[PDB]
Amino acid sequence: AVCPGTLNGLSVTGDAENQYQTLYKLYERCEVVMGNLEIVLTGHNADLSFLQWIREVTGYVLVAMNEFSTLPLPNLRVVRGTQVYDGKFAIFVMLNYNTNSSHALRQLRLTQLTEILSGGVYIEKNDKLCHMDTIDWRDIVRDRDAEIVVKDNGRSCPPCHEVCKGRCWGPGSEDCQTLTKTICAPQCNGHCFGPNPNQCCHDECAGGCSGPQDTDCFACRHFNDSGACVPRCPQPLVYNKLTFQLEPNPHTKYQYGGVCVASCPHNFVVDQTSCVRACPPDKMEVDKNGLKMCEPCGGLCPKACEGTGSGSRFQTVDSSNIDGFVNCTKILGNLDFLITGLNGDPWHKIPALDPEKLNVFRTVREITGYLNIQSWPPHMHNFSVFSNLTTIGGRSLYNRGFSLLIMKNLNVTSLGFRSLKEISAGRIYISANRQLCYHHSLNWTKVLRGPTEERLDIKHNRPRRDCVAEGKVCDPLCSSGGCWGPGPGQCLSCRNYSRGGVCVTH
Amino acid sequence: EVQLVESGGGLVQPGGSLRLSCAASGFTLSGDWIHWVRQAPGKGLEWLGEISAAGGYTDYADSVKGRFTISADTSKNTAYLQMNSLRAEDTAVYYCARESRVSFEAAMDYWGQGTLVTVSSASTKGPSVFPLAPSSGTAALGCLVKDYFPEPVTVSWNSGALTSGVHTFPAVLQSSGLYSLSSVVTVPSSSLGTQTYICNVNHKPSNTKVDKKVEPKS
Amino acid sequence: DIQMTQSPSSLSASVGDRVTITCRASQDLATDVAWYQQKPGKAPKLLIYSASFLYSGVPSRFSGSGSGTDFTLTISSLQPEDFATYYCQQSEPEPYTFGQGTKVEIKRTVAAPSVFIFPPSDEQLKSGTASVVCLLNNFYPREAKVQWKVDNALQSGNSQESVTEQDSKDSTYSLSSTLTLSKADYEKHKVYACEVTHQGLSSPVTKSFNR
Ligand SMILES: *[C@H]1O[C@H](CO)[C@@H](O)[C@H](O)[C@H]1NC(C)=O
Ligand SMILES: *[C@H]1O[C@H](CO)[C@@H](O)[C@H](O)[C@H]1NC(C)=O
């Protein structure tokens, strides 16, 4: 039923043919307008039928520059004015006639309009528009100090029919405007379907009603559910008496502005309660058991980026590159840190990398392909920059099947992959790193999985006996599975307990 | 199954340059470390260089660091020693040899057969073979490989049929600076005259392929 | 730069005997020492790694020990085929230094040398030179005096000896003496003789011929 509206004000394109066409597509067959109803400059030979089944407009109703004879809005009950035109007008009807033509607006077929929750009315400069001066507009408008402006309209209009009692939208006997406001008992806070104190509207009717119930409301102060007005849509989880907890309520329904629905529109996604366009800044789409839904990401939603090397512009992360990683969590492909990259090259004018910019990678948790470090900024003796890196897939390899390759990095002492736990596939190579220690104790049968036989290549790093002599060993609180460096934060897994990545005695 | 094979060693002129080959077989170099070691025909072993096949790292012995350059080619599965600016003290048997799998050690578990590099300004020279004959229970006969440069020489009997009781002695550097050695085998008296005996010599440095027949005389 | 010092240089021992080789390092090597066996002209086979572990396909009689500065190889039950030169190796980092090596050779029942003398060829005489050869065959122990006799006269300097490397099946040696001179100095003597003296000899066996 429901469908959205426009915000274009009084701007159009050159084609009045297009202006019609484009108008039709939007307000297709539509009961509720979520937005505004902007009928501007519309074609003179319009056949405005689709407009019939329109009951409500959450915003305002703008009718300007048009040429057609009558505005056919028969099911239109409520205009909310929750946003409003110019500033103070829920209905703005201005300048609907042409000079060279007799095509001009003569009637507003608003037979059904019952009330306007917020905003005034501007009915001016409509040379042939008729009967508007007869209507009681303070009967419709809910705001005691909204601007009701009606003038410079028709000149020679026929009198109302005798059945309309001098207040009518058109000459017809069915074109009579029916009164809404009787003023009211003190109990009913201006919300009643009759004078009496017992004749109060239900506490969920946005404006008036025709009875003291859910489904007698002219409009719903919160959500409409299949006819009834309710403060909420039926919740997703109902408390079960059998299991003493909550369970997936099959009578659940999602919000959509003010309508409880069975399933969100073809484009829209669920967010805890409402049907929304795009997930908020802390969620990503999750399809599970025939339902799409916004799930809170926690740390960060996976900002997955392009990697480097094979199938990418860069064979190395360089100074004109590093910026294109900010906030990045997952990485598609690889990451190569080559000699040039770091120091740049003055032949091809590509500057040297600012070593602090590397921190960018602290946000990273996963890398699809391989990681390849063949150079590192001397004053940093470890890759604590990838401390948060948890998984290396190895889905694309480097040299001869290498999913991880560290090589020829002199000043590097520890590794610093505190969070690394899985290298899914590929070979590993950590050789020729002349001051690297702590890696000897690491159990690569736990990090890597699948075969173990001929997948390791660790060699010509600082020999273990030196590392041990200088005290460089796995913190006592580590398990025999080893460590990424010194201290309690760097363990593979802990002997006792672990409080926020750091292994503890209690 | 796993084996190494070298080649390309031989006589060189001092200050000359040379490339040794070490052709791998039965495994993938990629990742494995190939080392080269050499050994002077008297003394023990000396380590020279090393090379991972993956990233192509190389270290070198200071005794060599710069004059020599160890490389390889992955698609071909073979290592290489480039030996520039050769001194007479470079004369030694050179072995390539790969590193062990079990442990951060550099224990070398598979070794090439060896390849010999002689570096002196002396000229390559053809060996003289001469028959040493019996007669003058069991009888002894032999060959005499004499005056050839450089080492080494290959003496086989009857194209490999005979191997029992075959003694091919070490060469000895003569006064003349020329090498010589005897190769002798013992055979039963009764076998002489009916059995034919020949020694097969090979001296690839001077491209010599002698097959000399040793019988007794009248 | 690291030193390895390996003791002793050579050693003899009977079959079945226990044998113990020592490497002493210049700096604390903890455990990173490799032991190798190298037989005459073959490439060195690896025997022990990390000072104490056996490699796959070495007999259990071979065993290694020690830490830091002093490391030891022990062949418990020595065999004939165990004849070799044995080399310790530091493998901690590069450049890998090796030991001087320990030459092992077996001890055996004292064997007499079988003695053979060959005259020169007619074709060697053609180029103008003479070479008599003597030959001691399959004997033990090594030492043996091959004195030549040209017409009962003792000869000096002209000769050259060449020793076999200890056979690995019957643990015997062999030897080839060469007597070389001008065919002018050859074509003026009759009796050329090789006089061999050994421990397994009671009387020095002499072997001669005439021209
Ligand atoms: C990354 O940048 C965004 C935007 O400034 C910020 O919200 C976020 O906290 C940053 N993340 C980290 C891990 O520093
Ligand atoms: C980093 O320190 C190491 C070891 O002390 C040293 O070899 C290297 O030269 C240092 N790097 C720089 C750029 O000074």
# chains A, B, ... in the order shown; residues from 1 in each chain; ligands from 1
$ residues_around --residues "range 57-74 of chain C" --least-positions-apart "6" --cutoff "7 Å" --atoms "only C-alpha atoms" --output "PDB file with N, CA and C atoms, in the first residue's frame"
ATOM      1  N   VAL C  19      85.526 -46.234  20.960  1.00  0.00           N
ATOM      2  CA  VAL C  19      86.332 -45.133  20.483  1.00  0.00           C
ATOM      3  C   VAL C  19      85.610 -43.823  20.765  1.00  0.00           C
ATOM      4  N   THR C  20      86.362 -42.832  21.229  1.00  0.00           N
ATOM      5  CA  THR C  20      85.792 -41.581  21.709  1.00  0.00           C
ATOM      6  C   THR C  20      86.517 -40.378  21.105  1.00  0.00           C
ATOM      7  N   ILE C  21      85.792 -39.556  20.355  1.00  0.00           N
ATOM      8  CA  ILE C  21      86.370 -38.368  19.734  1.00  0.00           C
ATOM      9  C   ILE C  21      85.841 -37.124  20.427  1.00  0.00           C
ATOM     10  N   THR C  22      86.677 -36.090  20.492  1.00  0.00           N
ATOM     11  CA  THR C  22      86.369 -34.878  21.237  1.00  0.00           C
ATOM     12  C   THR C  22      86.474 -33.633  20.371  1.00  0.00           C
ATOM     13  N   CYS C  23      85.436 -32.795  20.408  1.00  0.00           N
ATOM     14  CA  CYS C  23      85.498 -31.451  19.840  1.00  0.00           C
ATOM     15  C   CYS C  23      85.346 -30.467  20.980  1.00  0.00           C
ATOM     16  N   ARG C  24      86.186 -29.432  20.994  1.00  0.00           N
ATOM     17  CA  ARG C  24      86.089 -28.359  21.988  1.00  0.00           C
ATOM     18  C   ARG C  24      85.987 -27.016  21.274  1.00  0.00           C
ATOM     19  N   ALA C  25      84.952 -26.244  21.610  1.00  0.00           N
ATOM     20  CA  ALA C  25      84.617 -25.010  20.892  1.00  0.00           C
ATOM     21  C   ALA C  25      85.115 -23.764  21.621  1.00  0.00           C
ATOM     22  N   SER C  26      85.375 -22.705  20.858  1.00  0.00           N
ATOM     23  CA  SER C  26      85.922 -21.474  21.417  1.00  0.00           C
ATOM     24  C   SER C  26      84.879 -20.710  22.230  1.00  0.00           C
ATOM     25  N   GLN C  27      83.610 -20.838  21.840  1.00  0.00           N
ATOM     26  CA  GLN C  27      82.506 -20.150  22.516  1.00  0.00           C
ATOM     27  C   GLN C  27      81.337 -21.095  22.793  1.00  0.00           C
ATOM     28  N   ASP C  28      80.626 -20.856  23.896  1.00  0.00           N
ATOM     29  CA  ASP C  28      79.456 -21.660  24.285  1.00  0.00           C
ATOM     30  C   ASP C  28      78.535 -21.880  23.096  1.00  0.00           C
ATOM     31  N   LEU C  29      78.484 -23.112  22.605  1.00  0.00           N
ATOM     32  CA  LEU C  29      77.622 -23.460  21.481  1.00  0.00           C
ATOM     33  C   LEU C  29      76.333 -24.150  21.927  1.00  0.00           C
ATOM     34  N   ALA C  30      76.063 -24.155  23.225  1.00  0.00           N
ATOM     35  CA  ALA C  30      74.930 -24.888  23.765  1.00  0.00           C
ATOM     36  C   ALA C  30      74.868 -26.290  23.179  1.00  0.00           C
ATOM     37  N   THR C  31      74.178 -26.466  22.061  1.00  0.00           N
ATOM     38  CA  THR C  31      73.972 -27.811  21.538  1.00  0.00           C
ATOM     39  C   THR C  31      74.108 -27.981  20.016  1.00  0.00           C
ATOM     40  N   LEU C  47      76.238 -37.747  10.568  1.00  0.00           N
ATOM     41  CA  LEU C  47      75.984 -38.779  11.575  1.00  0.00           C
ATOM     42  C   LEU C  47      75.132 -38.290  12.740  1.00  0.00           C
ATOM     43  N   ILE C  48      75.541 -37.184  13.366  1.00  0.00           N
ATOM     44  CA  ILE C  48      74.834 -36.640  14.533  1.00  0.00           C
ATOM     45  C   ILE C  48      74.441 -35.199  14.308  1.00  0.00           C
ATOM     46  N   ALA C  51      74.381 -32.110  18.614  1.00  0.00           N
ATOM     47  CA  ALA C  51      75.328 -32.708  19.563  1.00  0.00           C
ATOM     48  C   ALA C  51      75.078 -34.163  19.982  1.00  0.00           C
TER      49      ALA C  51
END
$ residues_around --residues "residue 175 in chain C" --least-positions-apart "4" --cutoff "6 Å" --atoms "only C-alpha atoms" --output "JSON, numbers by chain"
{"C": [135, 136, 162, 163]}
$ write_last_selection --atoms "N, CA, C and O atoms" --output "tab-separated table (two decimals), in the first residue's frame"
chain	number	residue	atom	x	y	z
C	135	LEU	N	105.40	-54.02	-5.36
C	135	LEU	CA	104.03	-54.02	-4.85
C	135	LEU	C	103.87	-54.89	-3.61
C	135	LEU	O	104.05	-56.10	-3.67
C	136	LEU	N	103.53	-54.26	-2.49
C	136	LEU	CA	103.15	-54.97	-1.27
C	136	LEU	C	101.63	-55.03	-1.23
C	136	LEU	O	100.96	-54.01	-1.38
C	162	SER	N	103.45	-45.04	-2.76
C	162	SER	CA	102.05	-44.62	-2.85
C	162	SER	C	101.16	-45.63	-2.14
C	162	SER	O	101.03	-46.77	-2.57
C	163	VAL	N	100.53	-45.20	-1.05
C	163	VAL	CA	99.83	-46.12	-0.14
C	163	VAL	C	98.33	-46.17	-0.42
C	163	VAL	O	97.71	-45.14	-0.69
$ residues_around --residues "residue 34 in chain C" --least-positions-apart "2" --cutoff "8 Å" --atoms "only C-alpha atoms" --output "ChimeraX atom specification"
/B:107 /C:32,36,46-51,88-91
$ residues_near_ligand --ligand "ligand 1" --cutoff "7 Å" --atoms "only C-alpha atoms and all ligand atoms" --output "JSON, numbers by chain"
{"A": [326, 327, 362, 363]}
$ residues_near_ligand --ligand "ligand 2" --cutoff "7 Å" --atoms "only C-alpha atoms and all ligand atoms" --output "ChimeraX atom specification"
/A:378-379,410-411
$ closest_atom_pairs --of "chain B" --to "chain A" --cutoff "12 Å" --atoms "only C-alpha atoms" --output "Markdown table"
| residue | atom | partner | partner_atom | distance |
| --- | --- | --- | --- | --- |
| B:27 | CA | A:454 | CA | 11.2 |
| B:28 | CA | A:400 | CA | 10.0 |
| B:29 | CA | A:400 | CA | 10.1 |
| B:30 | CA | A:400 | CA | 6.6 |
| B:31 | CA | A:457 | CA | 6.3 |
| B:32 | CA | A:457 | CA | 7.9 |
| B:33 | CA | A:459 | CA | 9.2 |
| B:50 | CA | A:460 | CA | 10.5 |
| B:51 | CA | A:432 | CA | 10.5 |
| B:52 | CA | A:431 | CA | 8.7 |
| B:53 | CA | A:400 | CA | 9.3 |
| B:54 | CA | A:399 | CA | 6.8 |
| B:55 | CA | A:407 | CA | 7.5 |
| B:56 | CA | A:407 | CA | 10.0 |
| B:57 | CA | A:432 | CA | 7.4 |
| B:58 | CA | A:432 | CA | 9.2 |
| B:59 | CA | A:432 | CA | 9.6 |
| B:74 | CA | A:400 | CA | 9.4 |
| B:75 | CA | A:400 | CA | 10.4 |
| B:99 | CA | A:459 | CA | 10.4 |
| B:100 | CA | A:459 | CA | 10.9 |
| B:101 | CA | A:454 | CA | 8.5 |
| B:102 | CA | A:453 | CA | 10.4 |
| B:103 | CA | A:459 | CA | 9.0 |
| B:104 | CA | A:459 | CA | 5.9 |
| B:105 | CA | A:459 | CA | 8.2 |
| B:106 | CA | A:459 | CA | 8.9 |
$ write_last_selection --atoms "N, CA and C atoms" --output "mmCIF file, in the first residue's frame"
data_model
loop_
_atom_site.group_PDB
_atom_site.id
_atom_site.type_symbol
_atom_site.label_atom_id
_atom_site.label_comp_id
_atom_site.auth_asym_id
_atom_site.auth_seq_id
_atom_site.Cartn_x
_atom_site.Cartn_y
_atom_site.Cartn_z
ATOM 1 N N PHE B 27 63.920 -33.745 -5.109
ATOM 2 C CA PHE B 27 63.192 -32.785 -4.265
ATOM 3 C C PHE B 27 63.122 -31.390 -4.898
ATOM 4 N N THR B 28 62.436 -30.478 -4.220
ATOM 5 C CA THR B 28 62.305 -29.106 -4.696
ATOM 6 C C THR B 28 63.222 -28.196 -3.896
ATOM 7 N N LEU B 29 64.088 -27.473 -4.605
ATOM 8 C CA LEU B 29 64.985 -26.515 -3.974
ATOM 9 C C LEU B 29 64.169 -25.496 -3.241
ATOM 10 N N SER B 30 63.246 -24.877 -3.969
ATOM 11 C CA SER B 30 62.382 -23.881 -3.395
ATOM 12 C C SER B 30 62.196 -24.090 -1.899
ATOM 13 N N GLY B 31 62.729 -23.156 -1.119
ATOM 14 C CA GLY B 31 62.682 -23.249 0.333
ATOM 15 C C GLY B 31 63.915 -23.901 0.945
ATOM 16 N N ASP B 32 64.441 -24.946 0.305
ATOM 17 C CA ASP B 32 65.624 -25.626 0.832
ATOM 18 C C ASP B 32 66.858 -24.748 0.651
ATOM 19 N N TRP B 33 67.817 -24.930 1.550
ATOM 20 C CA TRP B 33 69.052 -24.168 1.551
ATOM 21 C C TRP B 33 70.162 -25.006 0.960
ATOM 22 N N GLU B 50 75.913 -19.956 0.962
ATOM 23 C CA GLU B 50 74.623 -20.602 1.142
ATOM 24 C C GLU B 50 73.596 -19.862 0.338
ATOM 25 N N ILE B 51 72.424 -20.462 0.163
ATOM 26 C CA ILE B 51 71.372 -19.836 -0.629
ATOM 27 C C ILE B 51 69.994 -20.474 -0.446
ATOM 28 N N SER B 52 69.039 -19.713 0.083
ATOM 29 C CA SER B 52 67.646 -20.141 0.037
ATOM 30 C C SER B 52 67.153 -19.951 -1.377
ATOM 31 N N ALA B 53 66.377 -20.913 -1.851
ATOM 32 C CA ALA B 53 65.844 -20.864 -3.198
ATOM 33 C C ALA B 53 64.624 -19.949 -3.311
ATOM 34 N N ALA B 54 63.979 -19.650 -2.191
ATOM 35 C CA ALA B 54 62.764 -18.851 -2.223
ATOM 36 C C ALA B 54 63.069 -17.384 -2.487
ATOM 37 N N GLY B 55 63.667 -16.720 -1.505
ATOM 38 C CA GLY B 55 63.953 -15.297 -1.603
ATOM 39 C C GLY B 55 65.310 -14.986 -2.199
ATOM 40 N N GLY B 56 66.134 -16.012 -2.390
ATOM 41 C CA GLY B 56 67.439 -15.840 -3.010
ATOM 42 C C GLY B 56 68.455 -15.137 -2.130
ATOM 43 N N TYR B 57 68.394 -15.368 -0.819
ATOM 44 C CA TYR B 57 69.384 -14.803 0.097
ATOM 45 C C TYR B 57 70.705 -15.503 -0.108
ATOM 46 N N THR B 58 71.794 -14.826 0.227
ATOM 47 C CA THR B 58 73.115 -15.415 0.134
ATOM 48 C C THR B 58 74.022 -14.837 1.209
ATOM 49 N N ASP B 59 74.732 -15.711 1.901
ATOM 50 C CA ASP B 59 75.820 -15.290 2.760
ATOM 51 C C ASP B 59 77.084 -15.838 2.151
ATOM 52 N N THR B 74 65.544 -21.326 -10.145
ATOM 53 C CA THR B 74 64.462 -22.124 -9.562
ATOM 54 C C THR B 74 63.743 -23.058 -10.537
ATOM 55 N N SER B 75 63.397 -22.547 -11.714
ATOM 56 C CA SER B 75 62.679 -23.338 -12.713
ATOM 57 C C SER B 75 63.512 -24.525 -13.203
ATOM 58 N N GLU B 99 70.718 -28.445 3.164
ATOM 59 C CA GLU B 99 70.614 -28.333 4.612
ATOM 60 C C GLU B 99 69.533 -29.243 5.149
ATOM 61 N N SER B 100 69.689 -29.650 6.401
ATOM 62 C CA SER B 100 68.751 -30.569 7.019
ATOM 63 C C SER B 100 67.428 -29.898 7.284
ATOM 64 N N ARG B 101 66.418 -30.752 7.397
ATOM 65 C CA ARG B 101 65.042 -30.357 7.609
ATOM 66 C C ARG B 101 64.742 -30.285 9.099
ATOM 67 N N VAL B 102 65.240 -31.266 9.845
ATOM 68 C CA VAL B 102 65.003 -31.332 11.280
ATOM 69 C C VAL B 102 65.951 -30.411 12.036
ATOM 70 N N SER B 103 65.448 -29.221 12.361
ATOM 71 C CA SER B 103 66.056 -28.293 13.327
ATOM 72 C C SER B 103 66.724 -27.075 12.697
ATOM 73 N N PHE B 104 66.681 -25.971 13.440
ATOM 74 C CA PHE B 104 67.265 -24.704 13.015
ATOM 75 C C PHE B 104 68.741 -24.817 12.647
ATOM 76 N N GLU B 105 69.370 -25.954 12.965
ATOM 77 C CA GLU B 105 70.744 -26.254 12.529
ATOM 78 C C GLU B 105 70.946 -26.184 11.019
ATOM 79 N N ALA B 106 72.223 -26.157 10.636
ATOM 80 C CA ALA B 106 72.657 -26.237 9.246
ATOM 81 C C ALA B 106 73.423 -27.538 9.016
#
$ select_by_dssp --residues "range 72-190 of chain C" --states "strand (DSSP E or B)" --output "ChimeraX atom specification"
/C:72-75,84-90,98,102-107,111,114-118,129-140,145-150,153-154,159-163,173-182
$ select_by_dssp --residues "range 269-506 of chain A" --states "alpha helix (DSSP H)" --output "MDAnalysis selection string"
chainID A and resid 339:343 444:447 464:469
$ atom_distance --atom1 "CA of residue 24 in chain A" --atom2 "CA of residue 49 in chain A"
9.5 Å
$ closest_residue --among "C:76, C:199, C:5, C:124" --to "chain B" --atoms "only C-alpha atoms"
C:124
$ residues_around --residues "residue 84 in chain B" --least-positions-apart "2" --cutoff "8 Å" --atoms "only C-alpha atoms" --output "list in words"
residues 15, 16, 17, 18, 67, 68, 82 and 86 of chain B
$ write_last_selection --atoms "C-alpha atoms" --output "JSON list (two decimals), in the first residue's frame"
[["chain", "number", "residue", "atom", "x", "y", "z"],
["B", 15, "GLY", "CA", 93.15, -15.19, -11.75],
["B", 16, "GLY", "CA", 90.73, -16.91, -14.12],
["B", 17, "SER", "CA", 87.01, -17.39, -13.45],
["B", 18, "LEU", "CA", 84.65, -20.40, -13.34],
["B", 67, "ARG", "CA", 85.28, -12.89, -5.31],
["B", 68, "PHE", "CA", 82.65, -15.64, -5.26],
["B", 82, "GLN", "CA", 80.79, -18.38, -9.69],
["B", 86, "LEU", "CA", 91.13, -17.74, -8.62]]
$ residues_around --residues "range 64-78 of chain A" --least-positions-apart "5" --cutoff "8 Å" --atoms "only C-alpha atoms" --output "PyMOL selection string"
chain A and resi 10+39-46+48-49+51-57+92-98+103-117+218-219
$ write_last_selection --atoms "C-alpha atoms" --output "PDB file, in the first residue's frame"
ATOM      1  CA  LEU A  10       8.972  24.141  -7.313  1.00  0.00           C
ATOM      2  CA  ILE A  39       1.909  18.301  -7.902  1.00  0.00           C
ATOM      3  CA  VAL A  40       3.618  21.116  -9.774  1.00  0.00           C
ATOM      4  CA  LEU A  41       3.287  22.334 -13.405  1.00  0.00           C
ATOM      5  CA  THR A  42       1.422  19.140 -14.199  1.00  0.00           C
ATOM      6  CA  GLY A  43       0.059  18.500 -17.677  1.00  0.00           C
ATOM      7  CA  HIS A  44      -3.331  20.027 -18.562  1.00  0.00           C
ATOM      8  CA  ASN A  45      -4.680  16.775 -20.080  1.00  0.00           C
ATOM      9  CA  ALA A  46      -3.919  14.623 -17.049  1.00  0.00           C
ATOM     10  CA  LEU A  48      -5.046  11.599 -12.405  1.00  0.00           C
ATOM     11  CA  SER A  49      -6.612   8.266 -11.340  1.00  0.00           C
ATOM     12  CA  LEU A  51      -4.319   9.462  -6.842  1.00  0.00           C
ATOM     13  CA  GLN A  52      -7.700   8.007  -5.803  1.00  0.00           C
ATOM     14  CA  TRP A  53      -6.625   5.435  -3.150  1.00  0.00           C
ATOM     15  CA  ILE A  54      -4.466   7.986  -1.347  1.00  0.00           C
ATOM     16  CA  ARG A  55      -5.709   8.367   2.225  1.00  0.00           C
ATOM     17  CA  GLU A  56      -2.864  10.032   4.121  1.00  0.00           C
ATOM     18  CA  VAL A  57       0.106  12.316   3.560  1.00  0.00           C
ATOM     19  CA  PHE A  92      -0.290  25.146  -0.453  1.00  0.00           C
ATOM     20  CA  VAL A  93      -2.497  25.867  -3.484  1.00  0.00           C
ATOM     21  CA  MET A  94      -1.124  28.700  -5.592  1.00  0.00           C
ATOM     22  CA  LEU A  95      -1.417  29.860  -9.213  1.00  0.00           C
ATOM     23  CA  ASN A  96      -3.190  27.033 -10.986  1.00  0.00           C
ATOM     24  CA  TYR A  97      -4.281  28.592 -14.300  1.00  0.00           C
ATOM     25  CA  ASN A  98      -2.880  29.537 -17.747  1.00  0.00           C
ATOM     26  CA  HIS A 103      -7.113  25.210 -18.716  1.00  0.00           C
ATOM     27  CA  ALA A 104      -7.358  26.232 -15.035  1.00  0.00           C
ATOM     28  CA  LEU A 105      -8.151  24.645 -11.655  1.00  0.00           C
ATOM     29  CA  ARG A 106     -11.816  24.971 -10.648  1.00  0.00           C
ATOM     30  CA  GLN A 107     -12.477  22.468  -7.830  1.00  0.00           C
ATOM     31  CA  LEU A 108     -10.641  20.682  -5.051  1.00  0.00           C
ATOM     32  CA  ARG A 109     -12.334  17.286  -4.749  1.00  0.00           C
ATOM     33  CA  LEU A 110     -11.404  16.865  -1.082  1.00  0.00           C
ATOM     34  CA  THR A 111     -14.736  15.322  -0.109  1.00  0.00           C
ATOM     35  CA  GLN A 112     -13.019  13.144   2.487  1.00  0.00           C
ATOM     36  CA  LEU A 113     -10.406  15.383   4.167  1.00  0.00           C
ATOM     37  CA  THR A 114     -11.137  15.215   7.899  1.00  0.00           C
ATOM     38  CA  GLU A 115      -8.202  17.031   9.592  1.00  0.00           C
ATOM     39  CA  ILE A 116      -4.659  18.471   9.343  1.00  0.00           C
ATOM     40  CA  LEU A 117      -2.445  17.566  12.332  1.00  0.00           C
ATOM     41  CA  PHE A 218      -8.900   9.173  11.862  1.00  0.00           C
ATOM     42  CA  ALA A 219      -5.127   8.711  12.156  1.00  0.00           C
TER      43      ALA A 219
END
$ interface_residues --of "chain B" --to "chain C" --cutoff "8 Å" --atoms "only C-alpha atoms" --output "ChimeraX atom specification"
/B:43-48,60-61,95,105-114,130-134,136,140,167-172,181-182
$ atom_distance --atom1 "CA of residue 206 in chain A" --atom2 "CA of residue 234 in chain A"
19.3 Å
$ residues_around --residues "range 146-162 of chain B" --least-positions-apart "3" --cutoff "7 Å" --atoms "only C-alpha atoms" --output "PyMOL selection string"
chain B and resi 11+118+124-129+178-181+197-203+205
$ residues_around --residues "residue 115 in chain B" --least-positions-apart "3" --cutoff "8 Å" --atoms "only C-alpha atoms" --output "NGL selection string"
:B and (6-10 or 93-95)
$ write_last_selection --atoms "C-alpha atoms" --output "CSV table (one decimal), in the first residue's frame"
chain,number,residue,atom,x,y,z
B,6,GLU,CA,77.8,-31.4,-9.9
B,7,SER,CA,80.0,-30.7,-12.9
B,8,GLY,CA,82.3,-28.2,-14.7
B,9,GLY,CA,85.3,-28.5,-12.4
B,10,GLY,CA,88.8,-28.9,-13.8
B,93,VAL,CA,87.4,-30.4,-4.2
B,94,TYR,CA,84.1,-28.5,-4.1
B,95,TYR,CA,80.9,-30.1,-2.9
$ atom_distance --atom1 "CA of residue 65 in chain B" --atom2 "CA of residue 21 in chain B"
19.2 Å
$ closest_residue --among "B:144, B:210, B:139, B:34" --to "residue 192 in chain B" --atoms "only C-alpha atoms"
B:139
